[PDB]
Amino acid sequence: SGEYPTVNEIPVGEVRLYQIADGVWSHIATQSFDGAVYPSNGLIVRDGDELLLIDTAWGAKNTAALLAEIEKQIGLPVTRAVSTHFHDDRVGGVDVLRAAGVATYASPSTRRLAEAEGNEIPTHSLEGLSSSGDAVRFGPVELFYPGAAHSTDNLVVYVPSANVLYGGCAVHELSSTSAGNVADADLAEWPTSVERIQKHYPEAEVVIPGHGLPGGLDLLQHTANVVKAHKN
Ligand SMILES: CC(C)c1cccc2c(O[C@@H](C)c3ccccc3)c(C(=O)O)[nH]c12
Ligand SMILES: [Zn+2]
Ligand SMILES: [Zn+2]
């Protein structure tokens, strides 16, 4: 009924949308992994009479439910998707998207890592993002590679029309007391990567983490803080 939806409020297999700004939504779904249930976010950005999707809903059936929820609530077609790193909460569901006719994209790094992991693989490579600090336009968003953080390949997404910064899994929510799933992280580089984000997007008004509640720019420093406390 209005607040941002949390893990215990979303059965696995259901998807919620949350309006962030004019023409910008997050999507929220839950999934079981190693015997625990976690929420995760993605983004939807209106692209004229089409939609750009950022990240899957963490699984095939969740991603099918995402497409159905989009049709119910927005009623515009998803024509392109970008996955912001290679983990299943970002690419799991790409095959569903691809068969629905959505053109799926990720950096070459992400595609390689997804393939090596046995995860689903976006179709098209996003060039121009291989060096930290790189930025490219993609429809109504800018894609930015901040450097290694939560993963070596993680991308962030900015929506200039709305000053929305989607940090993906490189950015943690304010309530987080840990650094999440760090199996593929670079904890030593992560704070430098966050600094690059902070410097590049000083006008961001909303910051959306890969998991949990959006907030403001404080999420960026908080992320550096929780990573530093994990590394220590
Ligand atoms: C490798 C993927 C599929 C995965 C599986 C299971 C859990 C995670 C996870 O912990 C997230 C949910 C998290 C962030 C902060 C505090 C606690 C937890 C993350 C993340 O931090 O991005 N990724 C997860
Ligand atoms: Zn991840
Ligand atoms: Zn994640």
Query raised in the report: Only one of (1) surrounded by fewer than 17 Cβ atoms within 10 Å (Cβ to Cβ); (2) touching a residue at least 24 places away in the same chain (Cβ under 8 Å); (3) part of a loop (DSSP other than H, G, I, E, B); (4) not aliphatic (A, V, I, L, M) fails for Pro202. Which number is that?
Result: (2)
Query raised in the report: Cβ-Cβ below 6 Å, separation at least six or inter-chain, first residue in region 104-124 and within 12 Å of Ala81 (Cα to Cα), second of a type in the set (S, T, N, Q) and surrounded by fewer than 20 Cβ atoms within 10 Å (Cβ to Cβ): which pairs?
Result: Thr104/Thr123
Report task. Check every one of the strands (runs of 3 or more DSSP E) wholly within region 25-124 and list those with 2 or more residues that are within 16 Å of ligand 1 (Cβ to nearest atom). Result -> 36-47
Report summary line: Per the list (1) within 16 Å of ligand 3 (Cβ to nearest atom); (2) on the phi < 0 side of the Ramachandran plot; (3) not hydroxyl-bearing (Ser, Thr, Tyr), residue check on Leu67 breaks on (1)
Report summary line: In region 1-24, anything assigned to a loop (DSSP other than H, G, I, E, B) and under 16 Å from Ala65 (Cβ atoms) is listed as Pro5, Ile10, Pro11, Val12, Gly13, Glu14
Query raised in the report: Any idea which residue in region 182-199 is farthest from ligand 1 (Cβ to nearest atom), counting only those that are surrounded by fewer than 20 Cβ atoms within 10 Å (Cβ to Cβ) and under 24 Å from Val164 (Cβ atoms)?
Result: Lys199
Query raised in the report: Any idea which of (1) away from ligand 3 (no atom under 14 Å from the Cβ); (2) in contact (Cβ under 8 Å) with a residue 60 or more places away in the chain; (3) among the aliphatic types (A, V, I, L, M); (4) under 26 Å from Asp95 (Cα atoms) is the one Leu129 doesn't satisfy?
Result: (2)
Query raised in the report: If you take the residues of region 205-227 that are in contact with a helix residue (DSSP H, G or I) (Cβ under 6 Å, 6 or more places away or on another chain) and farther than 22 Å from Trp25 by Cβ, which of them is surrounded by the fewest Cβ atoms within 10 Å (Cβ to Cβ)?
Result: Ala224
Query raised in the report: Hey, among the residues in region 139-181 that are among the charged types (D, E, K, R) and more than 9 Å from ligand 1 (Cβ to nearest atom), which one's nearest to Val207 (Cα to Cα)?
Result: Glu142
Requested in this report: Scan region 76-111 for residues that are more than 16 Å from ligand 2 (Cβ to nearest atom), of a type in the set (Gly, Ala, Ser) and more than 24 Å from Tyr38 (Cα to Cα) and jot them down.
Outcome: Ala99, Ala100, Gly101, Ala103
Query raised in the report: Residue check: is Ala135 within 15 Å of ligand 3 (Cβ to nearest atom), surrounded by fewer than 20 Cβ atoms within 10 Å (Cβ to Cβ), over 21 Å from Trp25 (Cβ atoms) and of a type outside the set (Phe, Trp, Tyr)?
Result: no
Report summary line: Here the qualifying pairs (Cβ atoms under 7 Å; residues six or more apart or on different chains; first in region 71-97 and farther than 12 Å from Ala57 by Cα and of a type in the set (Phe, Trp, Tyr); second within 11 Å of ligand 3 (Cβ to nearest atom) and in a loop (DSSP other than H, G, I, E, B)) come out as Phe86/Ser151
Report task. Any residue in region 174-193 that's under 14 Å from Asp153 (Cβ atoms): show its pairings with residues that are among the aliphatic types (A, V, I, L, M) and assigned to a loop (DSSP other than H, G, I, E, B) at Cβ separation under 6 Å, as long as the two are six or more apart or on different chains. Result -> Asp186/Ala148; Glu189/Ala148; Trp190/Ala149; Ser193/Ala149
Report summary line: Within region 71-90, residues of a type outside the set (D, E, K, R) and closer than 17 Å to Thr30 by Cβ come out as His87
Requested in this report: Considering only residues that are surrounded by 23 or more Cβ atoms within 10 Å (Cβ to Cβ), more than 16 Å from ligand 2 (Cβ to nearest atom) and without any contact (Cβ under 8 Å) to a residue 60 or more places away in the chain, look in region 29-62 and name the one that is farthest from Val171 (Cα to Cα).
Outcome: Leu51
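Read-outs: derived from the displayed coordinates by stated rules, not from any lab. Virtual Cβ from ideal backbone geometry, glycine too; neighbours counted across all protein chains shown.
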